[PDB]
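Excluded from the calculations below are hydrogen atoms, water molecules and symmetry mates; all remaining heavy atoms, backbone and side chain alike, are included. We name chains A, B, ... by the order of the sequence lines, and we start the count at 1 in each one.
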Amino acid sequence: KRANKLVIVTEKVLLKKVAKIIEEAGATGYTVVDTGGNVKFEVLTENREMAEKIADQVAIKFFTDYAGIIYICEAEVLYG
Amino acid sequence: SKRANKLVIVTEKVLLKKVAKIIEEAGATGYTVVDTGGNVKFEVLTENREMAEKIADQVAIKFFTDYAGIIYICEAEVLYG
Amino acid sequence: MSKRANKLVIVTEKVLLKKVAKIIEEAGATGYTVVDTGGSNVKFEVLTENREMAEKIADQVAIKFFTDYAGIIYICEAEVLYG
């Protein structure tokens, strides 16, 4: 099944706040890693709409005050 | 340049050695492994689709009825390797 | 609104972190991610302006280090939403 792999790279301080947004958006799960260049979230979303809803919330709420980038990659889910 | 399958396996850290063995025994030339929250995340650029699916089937069938996990594929264009 | 970009990923030996970071920056990359990985190794991810930049960075890293150090370089298509 084709899915959207939404990736959010932002400042580590927003880890708890962004994780809440992902969960409240109805994301079934997500990965989070520490990165240099910060924290990187990866979320396979049900549909495009959910990927965009999470992206819009994060951006609108934190991207005037915080550094970050958001992107989508196409993923084909085999299991899970 | 060559189109390849980037197989990604996210599962519990306890299965690191077991999953690594499956990748290697499938004939994977190499793989990346990282610790993750939300766990261990494997990334493997496979020769062909068939090998990507073989590894995915093996891991899922063997561990997923007992452990948490997700397996997916992303298209990658290999420039060097 | 949205823009397609090249997500260049470089996985190599941790010893080359500083050297590869310098190549990315000198190529004109606006930013990049770097993580520690097993398989120590280091993984860079760079969303490049265009394909040409992705390939310039890849050619420099590969030609200058891959005969002596281990590594792979690939590109994945990314759709940038914010940033």
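Nearest heavy-atom pair, A:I69 versus C:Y82, reported as atom, atom and distance to 0.1 Å: CG1-O, 3.2 Å. Of all the heavy atoms in A:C73 and C:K7, the pair that sits closest is SG-CD, 4.5 Å.
Atom-to-atom distance recorded for A:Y71:OH and C:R4:CZ is 14.5 Å, nearest 0.5 angstrom.
The pair C:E79-A:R48 meets the salt-bridge criterion, since a charged nitrogen lies less than 4.0 angstrom from a carboxylate oxygen.
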(Q) Assess the residue pair C:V35 and A:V33 against the criterion (side-chain contact (heavy atoms from CB on, under 4.5 Å)); give the C-alpha distance rounded to whole Å, side-chain angles, the decisive distance to 0.1 Å, and a yes or no. (A) CA-CA 8 Å; C:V35 185; A:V33 194; 4.1 Å; yes

- Carefully, step by step, assess A:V9 and C:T33 under the rule side-chain contact (heavy atoms from CB on, under 4.5 Å). CA-CA 9 Å; A:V9 186; C:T33 264; 4.0 Å; yes

Inset, instruction - Walk me through it: do A:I72 and C:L81 pass the test side-chain contact (heavy atoms from CB on, under 4.5 Å)? - result: CA-CA 8 Å; A:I72 296 184; C:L81 275 34; 4.0 Å; yes

